[PDB]
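In what follows, a single structure is set out as C-alpha cells and then discussed.
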Amino acid sequence: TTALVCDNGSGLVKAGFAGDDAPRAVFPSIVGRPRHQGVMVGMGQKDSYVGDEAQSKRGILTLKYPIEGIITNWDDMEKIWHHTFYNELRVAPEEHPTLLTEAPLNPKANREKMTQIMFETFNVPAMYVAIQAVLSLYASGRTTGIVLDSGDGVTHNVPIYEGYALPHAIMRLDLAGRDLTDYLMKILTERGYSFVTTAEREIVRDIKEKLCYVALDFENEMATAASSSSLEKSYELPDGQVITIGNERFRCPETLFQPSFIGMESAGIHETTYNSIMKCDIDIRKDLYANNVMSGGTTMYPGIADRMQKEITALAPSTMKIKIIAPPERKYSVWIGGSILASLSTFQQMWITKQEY
Amino acid sequence: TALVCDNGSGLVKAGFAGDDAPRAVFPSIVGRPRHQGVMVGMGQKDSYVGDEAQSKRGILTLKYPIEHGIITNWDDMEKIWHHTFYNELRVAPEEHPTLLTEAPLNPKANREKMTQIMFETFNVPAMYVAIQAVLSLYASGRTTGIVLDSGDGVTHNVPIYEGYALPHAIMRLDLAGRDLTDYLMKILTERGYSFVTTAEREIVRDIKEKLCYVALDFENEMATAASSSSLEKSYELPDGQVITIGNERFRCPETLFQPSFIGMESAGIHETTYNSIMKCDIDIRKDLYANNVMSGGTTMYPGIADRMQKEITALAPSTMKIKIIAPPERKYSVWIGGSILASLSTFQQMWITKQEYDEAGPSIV
Amino acid sequence: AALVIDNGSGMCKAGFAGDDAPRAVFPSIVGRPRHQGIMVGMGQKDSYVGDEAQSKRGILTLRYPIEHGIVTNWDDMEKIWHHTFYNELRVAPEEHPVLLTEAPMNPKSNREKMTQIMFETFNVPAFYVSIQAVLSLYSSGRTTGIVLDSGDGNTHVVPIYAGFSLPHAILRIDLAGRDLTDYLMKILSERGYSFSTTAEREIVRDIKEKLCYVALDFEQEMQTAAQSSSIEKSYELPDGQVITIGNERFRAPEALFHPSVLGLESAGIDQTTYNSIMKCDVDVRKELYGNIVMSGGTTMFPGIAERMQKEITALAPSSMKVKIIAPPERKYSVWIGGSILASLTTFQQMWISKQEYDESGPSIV
C-alpha cells in the first residue's frame with residue numbers, strides 16, 4: 001500500500017498519500033460542535049462538523065480549530081483525522097502508513113499522546129510524526145539553512161545543520177496569519193465598514209492575498225501611499241462599492257516586523273532571524289544567512305523576500321552573504337517534503353510499526 | 001392499519017395509510033344551532049362539523065377552529081376529531097396508528113395538545129404530527145428544496161434540506177385561498193353582479209377554482225382585456241343568469257404576485273421565495289432554486305408555475321438553474337406524503353406509541 | 001448658543017448647547033403622501049416628519065431614513081433638518097452653530113454628504129459632526145471607557161482611551177432596540193395574540209419598555225414563570241381590555257445575550273464587550289473592564305446593568321474589577337455629552353468655521 005501525509009497548523013491541514021508531489025486534502029481544520037439547539041438554514045440538526053460546511057454552519061455549531069500550532073483539543077483533532085483518512089482521503093487506516101507533521105517545539109506530552117491515539121483510535125499499521133520546518137528545508141533540497149515558517153497561527157526560525165534544526169535556537173513568534181487578517185479587518189472597520197459574520201470576514205482575508213505587501217522601507221512607503229495614487233489598489237466588494245486602499249495595503253502585514261501596530265513588542269521576524277543565526281554558535285551562520293528559506297501561507301506575501309535582504313543585512317556584519325530562498329510551492333512544502341521523505345526506501349526501517357508500540 | 005388526518009384552515013383530509021387519495025374529507029367548520037327545534041331524524045344536537053354545518057349554515061353559528069393552519073380552539077377541534085374517527089372512517093381510534101399534520105411555525109403547545117387529545121380521549125395506540133410543507137416535499141419524493149405551501153388560510157415558503165423543515169427560513173404570508181375568493185367576490189360584483197344567497201356565495205368560490213387564470217404576462221393581457229378578446233367566460237347560476245367573467249378571471253390570481261390587490265403593502269410570493277433563498281446558505285442555494293415545490297389548494301391555478309418560473313428567474317444569478325416543481329396532485333400532497341410515510345417499512349419504530357407517550361408525557365411527540 | 005441634534009434611527013434629539021434635556025425629541029420618519037390632496041385628511045403638504053407623520057401614517061408613506069446609524073436616503077435626512085429648525089425648535093440654521101452626530105463606522109462619503117448639506121443648503125456659521133460613543137463618554141465623565149452604545153438600530157461597542165476611540169475593537173452586533181420588539185411581536189403572538197399591524201406592533205413596543213426585565217439567570221426564571229404568577233404582568237390595551245403578559249417578558253430581552261433564539265449567527269452583547277476589551281492592549285483592558293459605559297435606551301430594561309456585571313466578571317479575570325456605569329439619562333447620553341461639548345469655552349476653537357469649509361471642503365472631519 002502507500003503511505004499518507006497530513007500537515008497540521010492552526011488553519012489549513014494538508015492530507016494526501018506518499019509518492020505524489022502535490023497535497024490532496026487541503027481544507028480548514030475547523031470542527032463545529034453543537035452550541036445549543038439550533039437548526040441550519042439548509043440541513044436539519046446533527047452533531048460536530050469539520051471543514052467548509054462548519055463555516056456555513058457558524059451559528060449552530062461552536063467552531064474550533066483543534067491546533068494552535070500545538071494540539072490544544074484532543075477529541076477535536078481526532079474528529080478531523082477521521083474526516084481526513086475517510087471523508088477526504090477515501091481510505092482506511094489499517095492498510096495505511098501515515099505521517100503527521102508538527103510545529104517544532106511541540107512538548108513531549110503531546111508527542112506521546114499523538115502516537116497513542118493514531119495507533120489506537122485509528123490503527124494505522126505503522127506511522128510517523130515529524131518536525132515541520134525540517135521537512136521544509138528538505139523540500140527545499142538542503143542539508144542546512146534556516147526556514148522562516150509562518151502561516152495561519154505560528155511563525156518559526158530553525159537553524160538547520162546536517163539533519164538537525166538547532167533546538168535551542170528554533171525561534172518562535174506567535175504573530176502570524178490570523179493576526180494579519182484581524183488587523184486588516186479592524187483597519188477597514190475604523191473607516192466605516194464591519195464584517196463579523198462569515199462571508200465578509202473571508203472576503204477581508206482574500207483582500208490580504210490580493211492587495212497586501214510588505215515594502216522594503218516602511219517610511220518611504222508610508223510617505224508615497226499618503227502622497228500619490230499609485231498604491232491605491234481597488235477591490236470590488238460583494239455589495240458593490242470599491243474600497244480604495246493605499247497605505248493599509250502594506251500597513252497590515254508590517255506587523256511581522258513592526259508588530260506594535262496591533263500591539264506587540266517581542267522580536268520581529270527579521271530580528272528573530274538575526275537572533276536565531278546568533279542563538280546558535282558562530283561558523284554555520286553563513287549558510288543560515290545565505291539560505292534563509294520561506295514556507296507557509298503567510299510568506300506568500302509579495303515583496304517579503306527583498307525586504308528580508310535589507311532586514312538581516314542591517315544587523316549582520318558585512319561579509320555574510322544574506323540570501324533569501326522562497327519556493328513557489330511554499331504553502332505546502334512541509335507536505336511536499338513529508339511525502340518524499342515518507343516514500344524513502346532508506347527511511348523504511350524508521351516506520352515505527354505496531355509491535356514496537 | 002395506520003391513519004393520516006390533515007387538519008386545515010379549509011378541510012380535514014383523513015384516511016388510512018397507503019391509500020392513494022383521502023378517505024374522509026370535510027370542512028373545518030364547527031356550527032351550533034340557533035333555534036330550539038328538532039331536525040327530524042336526530043334528537044337534540046350539540047354542534048355540527050363539516051358538511052352537517054355547511055348544510056345548516058343559516059340556522060347555525062359557524063366557527064373556524066383552525067385559523068390559518070394553527071389550532072385556535074381545542075373544544076371545536078376535539079369535536080372535529082370526534083367526528084373524524086367514528087362517523088367518517090366509521091371505525092374505533094384505539095386499534096389505529098394516527099398521523100396528523102402541523103403548521104410550519106406550529107407552537108409546541110399545539111403539537112402536544114393535539115397529542116393529548118389523541119391518546120387521552122380517543123385512546124389511539126400510536127400517533128404522529130408532521131409539518132405540512134415537508135409532507136408535500138415527501139409527496140414530491142425529495143429530501144431538499146423550497147416549498148411554497150399555499151392553502152386556504154396561509155401561504156408559505158418552507159426550505160428543507162434533508163428531511164426537516166427550516167424554522168427561521170419558513171416564510172408565512174396570511175393571504176391565500178380565502179383572501180383570493182372573497183376578492184373575486186368584489187371585482188365580479190363590481191362587474192355589475194351580486195352573489196346574494198348561499199349557492200352563488202358558493203359560485204364565487206366555484207368560479208375561482210374552475211374558471212380562473214394566473215395569466216403569464218399580465219400587463220399585455222390587460223391590453224388584451226381592454227382591446228376585448230374572446231377571453232370572456234360565461235357560466236350559469238342556479239337560475240338562468242349566465243354571468244360573464246372575463247378579465248377579473250386573471251385579475252384575481254394576480255394577488256399571489258402583488259398583495260396590493262387586496263391591500264397588503266408587502267412582497268408577493270415570488271420575492272419572498274428569493275428572500276428565503278437569500279436567508280438560506282450560499283452552498284444550499286442551487287438546490288433551493290431548483291427544488292421549489294408548490295402545494296396546498298390555492299396553488300392549483302392555471303399558469304401559476306410558469307409565472308413563478310419567470311419571477312424568480314428574473315431575480316436569480318444567470319449562472320443558476322431554476323425549477324418550480326408543481327405536481328398534478330398538489331392539493332392533497334400533504335396527505336400523500338403522510339400516507340406514504342406511515343406505510344414506510346422503516347417508519348414503524350418512529351410510530352410513537354402510548355408506551356413512549358405515558359412515561360415521557362406530551363413532550364415526546 | 002449652539003444646536004445639538006442626535007440623528008437617531010428611531011428618535012432624533014435636537015436642542016441647543018448647555019440645556020440639560022433635548023429640545024426637539026422626535027422619531028426620524030419622513031412621511032410623504034401616496035398622492036397629495038389639497039385638504040386635511042387627504043394630505044396637503046409634500047412632507048410630514050416625525051410625530052405629525054406618525055399620527056398621519058395612513059395617507060403617508062413612512063420611512064426611517066437612518067439605518068444602523070448610517071443615513072441611506074440623504075433627501076429625507078435634509079428634510080428632517082429643515083423640520084427641526086423652523087417647525088420644531090423654531091429657529092433658523094444660518095443663525096446657528098449646529099452639532100450633529102454619526103455612528104462609529106460611518107464611511108467618509110456619508111459624513112461628507114452631511115457636512116456639505118449643512119454648509120451649502122443650511123448655511124450654518126459653525127458645524128461639528130461627532131462620534132456618538134466619544135460623546136457618551138463625555139456624558140459619563142471619563143476620558144477612557146468601553147461603551148455599549150446599543151441604540152435602536154445599531155449596537156456599537158467602543159473602547160475609548162484618553163479621548164480616542166480604539167476602533168481597533170469596535171465590534172458591532174446586528175440586533176438592537178427594534179430587533180428586540182419584533183422578537184416580542186413573534187412571542188406574544190405565540191401566547192395567543194394578534195400583533196401584526198403598526199397599531200398592534202406599537203402595543204408590543206410599549207409592553208417592552210414598561211413590563212419587561214432581564215433575568216439574572218435564564219433557568220431559575222424559566223422554571224418560575226412556568227409556575228408562579230409573580231412574573232405575570234397585567235396590561236391595559238388602549239381599547240379597554242386588560243391582558244396578562246408572562247415569560248415573554250424576559251425571553252424577549254434574552255435575545256441580546258443569546259441571538260440564537262432569533263436565529264442570528266452572533267454572540268451576545270456581553271461576549272462582544274469581552275472581545276472588544278481583548279482586541280485591545282493589555283494595559284487599557286483594566287480600565288475598560290472598570291469603565292463600561294452602558295448607554296442608550298436598549299440598555300434601560302430592568303436588570304440589564306446588574307446582569308452585565310455578573311456575566312462580565314466571569315468573562316473577565318478572577319482579579320478583575322469589572323464595573324458597569326449606568327446613567328438614568330442614558331437615552332439622551334450622546335445628547336448631553338454633545339451639549340457640554342458644544343457649550344465648552346475651550347472647545348469653541350474647534351467650531352469649524354463657514355470660511356474653512358469654503359476653502360477646505362467636507363473632508364476635514
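Letters for chains follow the order of the C-alpha cells (A, B, ...), residue numbers begin at 1 for each chain, and ligand numbers begin at 1 in the order shown.
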- Message: Based on only C-alpha atoms, which of the residues in chain B come within 8 Å of chain A? I want them as a list in words.
- Response: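 Result, ordered by chain then number: residues 159, 160, 161, 162, 163, 164, 165, 166, 167, 168, 169, 279, 280, 281, 282, 283 and 284 of chain B.
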Selection from above, N, CA and C atoms, as an mmCIF file, in the first residue's frame, can you write it?
```cif
data_model
loop_
_atom_site.group_PDB
_atom_site.id
_atom_site.type_symbol
_atom_site.label_atom_id
_atom_site.label_comp_id
_atom_site.auth_asym_id
_atom_site.auth_seq_id
_atom_site.Cartn_x
_atom_site.Cartn_y
_atom_site.Cartn_z
ATOM 1 N N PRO B 159 -38.124 26.109 3.181
ATOM 2 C CA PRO B 159 -36.963 25.371 2.724
ATOM 3 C C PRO B 159 -36.829 24.129 3.593
ATOM 4 N N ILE B 160 -36.277 23.084 2.976
ATOM 5 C CA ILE B 160 -35.854 21.866 3.650
ATOM 6 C C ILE B 160 -34.559 21.448 2.953
ATOM 7 N N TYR B 161 -33.566 20.925 3.680
ATOM 8 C CA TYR B 161 -32.548 20.055 3.105
ATOM 9 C C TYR B 161 -32.291 18.952 4.130
ATOM 10 N N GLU B 162 -32.513 17.730 3.665
ATOM 11 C CA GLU B 162 -32.576 16.522 4.469
ATOM 12 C C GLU B 162 -33.625 16.467 5.571
ATOM 13 N N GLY B 163 -34.815 16.122 5.070
ATOM 14 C CA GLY B 163 -35.909 15.686 5.918
ATOM 15 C C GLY B 163 -36.716 16.825 6.516
ATOM 16 N N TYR B 164 -36.072 17.567 7.426
ATOM 17 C CA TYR B 164 -36.687 18.511 8.351
ATOM 18 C C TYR B 164 -36.746 19.978 7.908
ATOM 19 N N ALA B 165 -37.871 20.612 8.274
ATOM 20 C CA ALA B 165 -38.291 21.906 7.736
ATOM 21 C C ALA B 165 -37.587 23.078 8.393
ATOM 22 N N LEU B 166 -37.322 24.206 7.725
ATOM 23 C CA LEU B 166 -36.341 25.123 8.285
ATOM 24 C C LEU B 166 -36.964 26.323 8.971
ATOM 25 N N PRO B 167 -37.084 26.295 10.311
ATOM 26 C CA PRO B 167 -37.922 27.200 11.088
ATOM 27 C C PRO B 167 -37.688 28.681 10.847
ATOM 28 N N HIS B 168 -36.441 29.120 10.744
ATOM 29 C CA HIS B 168 -36.154 30.531 10.548
ATOM 30 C C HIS B 168 -36.069 30.941 9.086
ATOM 31 N N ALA B 169 -36.356 30.000 8.185
ATOM 32 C CA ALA B 169 -36.383 30.246 6.754
ATOM 33 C C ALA B 169 -37.793 30.051 6.204
ATOM 34 N N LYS B 279 -31.654 34.380 2.703
ATOM 35 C CA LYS B 279 -31.502 33.996 4.105
ATOM 36 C C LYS B 279 -31.016 32.580 4.374
ATOM 37 N N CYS B 280 -31.241 31.696 3.409
ATOM 38 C CA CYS B 280 -30.593 30.407 3.384
ATOM 39 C C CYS B 280 -29.158 30.519 2.896
ATOM 40 N N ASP B 281 -28.354 29.552 3.331
ATOM 41 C CA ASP B 281 -26.951 29.473 2.963
ATOM 42 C C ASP B 281 -26.686 29.501 1.455
ATOM 43 N N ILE B 282 -25.425 29.835 1.173
ATOM 44 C CA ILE B 282 -24.946 30.011 -0.180
ATOM 45 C C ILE B 282 -24.905 28.632 -0.818
ATOM 46 N N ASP B 283 -24.159 27.688 -0.217
ATOM 47 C CA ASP B 283 -23.946 26.370 -0.803
ATOM 48 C C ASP B 283 -25.228 25.594 -1.033
ATOM 49 N N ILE B 284 -26.229 25.696 -0.153
ATOM 50 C CA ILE B 284 -27.511 25.071 -0.431
ATOM 51 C C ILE B 284 -28.152 25.622 -1.704
#
```
- Interface residues on chain C facing chain B, 10 Å, only C-alpha atoms, written as an MDAnalysis selection string: chainID C and resid 190:192 261:264
Could the residues of segment 40-121 of chain C that have an atom at most 10 Å from segment 169-181 of chain C be listed as a tab-separated table, each with its closest atom pair and the distance in Å to one decimal, counting only C-alpha atoms and ordered by chain and ascending residue number?
```
residue	atom	partner	partner_atom	distance
C:68	CA	C:174	CA	8.3
C:104	CA	C:170	CA	7.9
C:105	CA	C:170	CA	8.1
```
Identify every residue of chain C that has at least one atom within 6 Å of any atom of chain A, counting only C-alpha atoms, and report the result as a PDB file with C-alpha atoms, in the first residue's frame.
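Written out: selection15.pdb:
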```
ATOM      1  CA  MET C 105     -18.068  53.010  11.498  1.00  0.00           C
ATOM      2  CA  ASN C 106     -19.623  55.730   9.427  1.00  0.00           C
ATOM      3  CA  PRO C 107     -17.930  55.940   5.955  1.00  0.00           C
ATOM      4  CA  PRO C 167     -11.845  51.340  16.578  1.00  0.00           C
ATOM      5  CA  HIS C 168      -9.378  48.576  16.633  1.00  0.00           C
ATOM      6  CA  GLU C 265     -25.203  33.953  13.801  1.00  0.00           C
TER       7      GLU C 265
END
```
- Item | Contacts of residue 237 of chain A at 12 Å (only C-alpha atoms; same-chain gap of 2+ positions) as number ranges by chain | A: 193, 195, 199-204, 206-207, 234-235, 239-244
- Task: Would you return as a PyMOL selection string the members of segment 72-318 of chain C that DSSP assigns to helix (DSSP H, G or I) on this structure's backbone?
- Result: chain C and resi 74-89+93-95+108-120+132-140+167-169+177-190+198-211+218-225+248-251+253-256+259-261+269-278+285-290+297-300+304-315
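The list of residues with at least one atom within 8 Å of segment 142-147 of chain C, based on only C-alpha atoms and without residues fewer than 2 positions apart in the same chain, reads residues 133, 136, 137, 138, 140, 149, 156, 157, 158, 159, 160, 161, 162, 163, 164, 273, 277, 287, 288, 289, 291, 292, 293, 294 and 295 of chain C.
Look at residue 117 of chain C: the protein and nucleic acid residues within 10 Å of it, using only C-alpha atoms and passing over chain neighbours fewer than 3 places away, are residues 74, 77, 78, 81, 112, 113, 114, 120, 121, 122, 123, 124 and 362 of chain C.
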Give me a file of those residues, with N, CA and C atoms, as a compact mmCIF listing (two decimals), in the first residue's frame.
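Contents of selection.txt, as written:
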```
# COMPACT_ATOMS: atom_id res chain seq x y z
N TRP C 74 -30.35 60.58 1.72
CA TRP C 74 -30.00 61.97 2.04
C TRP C 74 -30.97 63.11 1.72
N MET C 77 -33.02 62.94 4.93
CA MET C 77 -32.21 63.49 6.01
C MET C 77 -32.31 65.02 6.08
N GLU C 78 -32.07 65.70 4.95
CA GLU C 78 -32.21 67.15 4.85
C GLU C 78 -33.60 67.63 5.26
N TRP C 81 -33.82 67.87 8.90
CA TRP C 81 -33.17 69.04 9.49
C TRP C 81 -34.01 70.30 9.29
N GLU C 112 -19.18 63.33 4.71
CA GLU C 112 -19.05 64.38 3.71
C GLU C 112 -20.35 64.79 3.02
N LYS C 113 -21.32 63.88 2.85
CA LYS C 113 -22.59 64.30 2.28
C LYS C 113 -23.31 65.26 3.23
N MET C 114 -23.34 64.83 4.50
CA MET C 114 -23.93 65.60 5.58
C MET C 114 -23.19 66.93 5.72
N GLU C 120 -23.97 74.08 2.78
CA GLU C 120 -24.39 74.56 1.47
C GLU C 120 -25.87 74.88 1.37
N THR C 121 -26.79 74.04 1.85
CA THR C 121 -28.19 74.43 1.94
C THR C 121 -28.37 75.28 3.20
N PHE C 122 -28.09 74.68 4.36
CA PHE C 122 -28.46 75.30 5.62
C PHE C 122 -27.62 76.48 6.10
N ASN C 123 -26.49 76.66 5.40
CA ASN C 123 -25.56 77.78 5.58
C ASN C 123 -25.34 78.25 7.02
N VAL C 124 -25.23 77.24 7.89
CA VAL C 124 -24.98 77.40 9.32
C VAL C 124 -23.60 78.02 9.53
N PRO C 362 -15.67 69.35 2.90
CA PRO C 362 -16.14 68.47 3.98
C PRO C 362 -15.19 67.41 4.55
```
- Task: Write out as a list in words the residues lying within 10 Å of residue 157 of chain B, counting only C-alpha atoms and excluding same-chain residues fewer than 3 positions away.
- Result: residues 104, 133, 145, 146, 147, 148, 149, 150, 160, 166, 169, 170, 171, 172, 173, 269, 270, 272, 273, 274, 275, 276, 277, 292, 293 and 294 of chain B
- Message: Give me, as number ranges by chain, all polymer residues having an atom no more than 9 Å from residue 34 of chain B, counting only C-alpha atoms and skipping those fewer than 4 positions away in the same chain.
- Response: B: 58-61
- Name the closest residue to residue 42 of chain C among the candidates C:324, C:290, C:56, C:30; distances are taken between atoms, counting only C-alpha atoms.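 The shortest atom-to-atom distance to residue 42 of chain C comes from C:56.
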